[PDB]
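Okay, so we've got the same protein chain twice, two forms, each given alone as structure tokens, structure 1 and structure 2.
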Structure 1
């Protein structure tokens, strides 16, 4: 997907993303929610999209108490047959803003 430079941004910032190789590593990426799409980049320069998600078909849920994935404040964006995004915020307030924005984009 392509980002429209003109479109307002609902939220952006760092999140850790778990990889999908099966070794379950994390990599810090810079995410941007614009329109109903999530984009991520190498860093906050927002130069060259490295990945993107069309959110209207996705469901996004927090992973809940207990740091089950080995870090706090994780949440999962999923839809069967589509790539799962496993994400971690740095704080609770961070988590709140992201879950709000992703919920609106997916509804």
Structure 2
């Protein structure tokens, strides 16, 4: 997936992403939601894309209260047969902001 530079951005910012497997650590990456796609990078320069997701197929949901994953403010984006993304926002305000935007893209 390629990002269109001259396209408006719905929201962008830091999120923590859990490793698919391994020691299951949280990596802080810079995320950008442009169009119905989610792109992420190393930092806020938004220079080289590290990964991307076509949201319309996905289901994105809050893991609920209580830090059940070991961190507060986590949510999960999944769709059977595709890669699951486990994400964490820094604050409730950031989580709400991301959930609202990601909902609009997926639908």
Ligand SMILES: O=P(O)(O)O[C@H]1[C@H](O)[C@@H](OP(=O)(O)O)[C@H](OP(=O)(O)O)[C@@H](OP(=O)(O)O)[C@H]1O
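The term rigid core refers to the most C-alpha atoms you can superpose between the two forms while keeping them within 1.5 Å. Positions refer to the first chain, counted from 1.
> Kindly point out the structure, among the two, that is the form solved in complex with ligand 4IP.
Form solved in complex with ligand 4IP: structure 2.
> Cα shift of residue 34 between structure 1 and structure 2 after core superposition, in Å?
The alpha-carbon displacement, core-superposed, is 0.1 Å.
> Could you check how much the CA of residue 23 shifts between structure 1 and structure 2 after a rigid core fit, in angstrom?
Its C-alpha position differs by 2.4 Å.
> Using a rigid core fit, what is the CA shift at residue 65 between structure 1 and structure 2, in angstrom?
Residue shift at the C-alpha: 1.1 Å.
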